């Protein structure tokens, strides 16, 4: 859960979330929590797809850039039909580009609140090191 | 000659110390944090002793020549100095240019 | 916090900040501090994403170029819908290009007020150096 | 402070500075010193970003080319909205090209009034030089 | 001072200099000497930027080609707004191309009145030359 | 002085020289000698810029091709405003191409009246030649 | 003098030479010999520029192809203003292409009347040849 309904409302205003989330009432009246939850879950799943090879999956903290990316992807997911030239689609593409840059080691995952994220041990591995005759015998 | 021999011996000892594994330099892309930098540094440091290791495709390790040559120059200098010392102390007929074997009355 | 509400007002005038920040009153009357704070936080998060590999994260001082970049990104973030040809989008792209140039070591992070920034110790690392027989024995 | 309000007025006439600096009075009446100061500071910050790797930051003197570049960038910064085909934007791009050429060692930073600038000691570094046996013993 | 007000008047006629230099009177009446001086200084600063790596800065004489280049750049600088397709802009670009060709060693700086310019000692440097045993001992 | 006022009149007719040289009388009445002299001097300066690396500067004689090139460049310089598609501009570009070809050693500077020009000694330089033991001892 | 007024009249008819040579009478009445002489001289100078590196300059005979090239260039020179799409300009360009092909050793300079031209001794040079011990001693 890198973003919440509060984050979506704050980033896109409550009116737009209501309009793109209420599918049964015309005009919209309330925000459907289930739809928003599914959209946020899908955004988190995509982000994990991008970040699985460099960091641990169950992150204990959410970096701020991760919050922005999740909010953007979740909003893009709340559109049933999304054309290519829709600006929301372009924002989603830019965020996906940021994610790909992070995955390819060109961008670093920033601070969460004060501490660093938790990188995986992929680079750590070395055989073991056989150096007998060099132990001050 | 003593100073020449001392310098040659010390240089040879240093070169023998450096001999063995090659110097290998690791490279990392932008956005590598300090912890990952330290992990890469330790991996490179222990890579020579360690037969195998794995790194991300975005990183790179280059094995550069460490010290390639021979002991011939050093040993030549040591032999020259020792011959000079032998000639100066005991003469250049028995010690440096040894008189070799051969008995008789 | 590389930029503040005062910086945004000074760079873009208080009227524009009011117009792009007040989402509940039409016409706008007041500047919403929470929305501006979130936009500035997102800009800072992106900048940290770009600068994590060369400098320490919790910078004790804010370089002036960093202030300009943060202000531009924060203003770009205050737009719910941002098209490709919008000039604000172009300014954001130019600032992102500046950030990428800094990350790739083509531009240096300037002075904060009088002293240099604090680069990370990424380049410092060397094995240790074994040079016995060369210590004036 | 590579340029001042006097330089901006001289280069772009006082009327244009008044028009692009006074944001609260319509029609403009006075030049806002704070806005001009911030624009000049931003231009200086960008120039320092470009020049940090070849010269000392706190320059004791301002080269004339630096004055022209700072004036152009400051004027470009005084526009809240700047489109791509605006000629001021093109002038800013040309000045940025000049700065990049200076940074990449294709152009030299000229005289300030009579003396040279102060290049950094980046190229000076060499190990030390061990040449015993060659000191006329 | 590679060019003067007399040179600008001679090259572009006094009417055009008056029109592009008088900013306070409409129609123009007199030529503003301060504005012309600043434009000429900026042109000289750019030319020095281009010529610093091959010749001494404080040139004791002004080559004729340098006079033409300075006049063109100074006139181009007297325009507050200069579009891309303006012929004066094209002339400035051609002169800048000439300057770049000079800097890259494809064109030589011509005679001033009768003598050559003063190239810098950049190419002169050699170590020193150790050739004992070859001095007719 | 590779070309004179007589050459310009002969090549472009006296009417055109009068029209492009008289800037104070409308319609033109007389040819301004100072303006023509400055234009010819500028053309000569450009030609010397192109020819300094292969021949001596103060040429004692003017090759005919040099006369044609100087006349063309001088006429092109007499236009205050010169657009890209103006045929005079195209002629100037062709002449500059001829000059560049001469500089790059693809074209030779022709006869002046009966004798060759005076090439510089740039190619002559060789060390000296040490060939003792080969002097018929 | 690779071509004469008779050659120009024969190639382009006397009417066209009169029209492009008489600049003072409207309609034209007579052919100006001085203008034609200057145009022919300029054509010869360009041709010599192209041919100086392969043949002697003061040719004792004029090859026929040289006559055609000179006539074309001279006619092209008699036009005060010559646009790019003018067919005479295209003919001049084709003739210049022929000249360049001759210079680059792709075309040979043909017979003058019955004998060959006089190539320069550029290729002849060889050191001298030291072959003692091979002179039937």
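Order as written gives the chain letters A, B, C, D, E, F and G; numbering starts at 1 within each chain.
Rule of thumb we're sticking to: contacts are C-beta pairs under 8 Å (C-beta built on N, C-alpha and C of every residue); 3 or more make two chains touch, one makes a residue touch a chain.
Placing every chain at the mean of its C-alpha atoms, the farthest one from subunit C is found to be G. Compared on C-beta pairs in contact, B-C and E-F come out with E-F as the pair having more.
Subunit G has its Cα centroid 55 Å from the Cα centroid of subunit D.
Each chain gets one centre point, the mean of its Cα atoms, and the points for subunit B and subunit F are 66 Å apart.
Distance from the subunit F centre to the subunit G centre is 20 Å, each centre being the mean of its Cα atoms. Here the CA centre of subunit B is 73 Å from the CA centre of subunit G. Chain contacts: subunit B has residues 28-34 touching two or more partner chains. Shared interface positions of subunit G, i.e. residues touching 2 or more other chains, are not present. Chain pairs that touch one another, listed by label: A-B, A-C, B-C, C-D, D-E, E-F, F-G. Subunit C contributes residues 10-13, 15-16, 63-65, 67-68, 87-88, 90-91, 98, 102, 106-111, 114, 116 to its touches with subunit D in the complex. Those residues of subunit E that touch subunit D in the complex are listed here as 23, 34-35, 38, 41-42, 44-46, 48-50, 52-53, 57-58, 80-84, 103. For subunit C in complex with subunit B, the touching residues are 49, 52-54, 103-105, 120-122, 125, 127-128, 130-134. Note for the complex: subunit B touches subunit A at residues 28-36, 39-40, 43, 46-47, 49-56, 58-59. Interface of subunit B with subunit C (complex): residues 10, 13-14, 17-18, 28-34, 37-38, 41, 44-45.
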